[PDB]
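Comments concern the structure below.
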Amino acid sequence: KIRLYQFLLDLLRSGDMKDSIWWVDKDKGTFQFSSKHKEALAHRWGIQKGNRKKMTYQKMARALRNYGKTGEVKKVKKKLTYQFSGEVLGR
DNA sequence: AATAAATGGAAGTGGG
DNA sequence: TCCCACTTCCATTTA
């Protein structure tokens, strides 16, 4: 049962959806979603999870928000931009 | 207004 | 029982 932050890190490693997500500064772990193409990536997350409903970027971003306190992923002050923790990057 | 994004509480679902 | 790790729904706010 893959975790959302790992799904995203795995995508950034593989390059399979390079038009939906990309590194901004990979050394810092900052990454950004495509305004126009993020929904396709959200859809893939829902299908990988086997969720009942179609996944949307908004719901996926709601899940990302919950990582802010524990630290795996923090929202950066640029649109659609986030940052993985050093711990997540190391694994 | 139209569109997009952000904020985030609250309740529901999984699989322990 | 009761937390995990989200998912789903909704109202609101900002640009």
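Just so it is clear: chains get the letters A, B, ... in the order the sequence lines come, proteins before strands, and each one is counted from 1.
Here B/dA5 presents its P atom at 11 Å from CD of A/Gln32, a figure rounded to the nearest Å. We find that CD of A/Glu72 is positioned 10 Å from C1' of C/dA5, with the value rounded to whole Å. Rounded to whole Å, the distance from CD on A/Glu39 to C1' on B/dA5 is 12 Å. In this structure, NZ of A/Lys59 is placed 18 Å from P of B/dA6, rounded to the nearest angstrom. Taking atom OH of A/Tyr82 as the reference point, atom P of B/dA5 lies 10 Å away to the nearest angstrom. Atom pair A/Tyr5:OH and C/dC4:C1' shows a separation of 12 Å (rounding to whole Å applied). The nearest whole Å value for the distance from the CZ atom in A/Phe33 to the P atom in B/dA6 is 10 Å. The distance from atom CG of A/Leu80 to atom P of C/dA15 is 15 Å, rounded to the nearest whole Å.
You'll find that the side chain of A/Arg62 is closest to B/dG9, out of C/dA11, C/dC6, B/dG9. You'll find that the side chain of A/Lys49 is closest to C/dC6, out of C/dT8, C/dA11, C/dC6. Checked against C/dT8, C/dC6, B/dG8, the side chain of A/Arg3 finds its nearest nucleotide in C/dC6. With distances taken from any side-chain atom of A/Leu4 to the nucleotides C/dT8, C/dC6, B/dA6, the minimum falls on C/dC6. The side chain of A/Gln58 has C/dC10 as its nearest neighbour among B/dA4, C/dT8, C/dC10.
Using a 4.0 Å heavy-atom criterion, one finds that A/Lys38 contacts the sugar-phosphate atoms exclusively. Contacts of A/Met60 with the nucleic acid, taken as non-hydrogen atoms under 4.0 Å apart, are absent. Nucleic acid contact for A/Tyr67: sugar-phosphate only, since backbone atoms but no base atoms lie under 4.0 Å from a heavy atom of the residue. Nucleic acid contact for A/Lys53: sugar-phosphate only, since backbone atoms but no base atoms lie under 4.0 Å from a heavy atom of the residue.
Judged by distance alone, with hydrogens and angles left aside, the side-chain atoms of A/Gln32 form a donor-acceptor pair with the main-chain N or O of A/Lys79 at under 3.5 Å. Between the side chain of A/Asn51 and the backbone N or O of A/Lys53, no donor-acceptor pair lies under 3.5 Å. A donor-acceptor pair under 3.5 Å is absent between the side-chain atoms of A/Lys36 and the main chain of A/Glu39, judged by distance alone.
Close to C/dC6, at under 4.0 Å from its OP1 or OP2, lies no side-chain N or O of A/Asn66. The phosphate of B/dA6 has OP1 or OP2 within less than 4.0 Å of a side-chain N or O from A/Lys75. Phosphate proximity of B/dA5 to A/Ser35: present, with a side-chain N or O under 4.0 Å from OP1 or OP2. In this structure, A/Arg65 reaches the B/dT7 phosphate: one of its side-chain N or O atoms is under 4.0 Å from OP1 or OP2. Taking side-chain N and O atoms only, A/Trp45 has a distance below 4.0 Å to OP1 or OP2 of C/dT7.
Ring-plane geometry between A/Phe84 and A/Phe31 is classed as parallel, the angle between the planes falling under 30 degrees on a 0 to 90 degree scale with a further cut at 60.
There is no path of hydrophobic side-chain contacts, each under 4.5 Å, that joins A/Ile47 to A/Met60.
In this structure, A/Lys38 is positioned above the aromatic face of A/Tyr57, its NZ or CZ under 6.0 Å from the six-membered ring centre and within 45° of the axis.
Applying the Watson-Crick and G-U wobble criteria (two distances, each under 3.5 Å), B/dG14 pairs with nothing in any strand.
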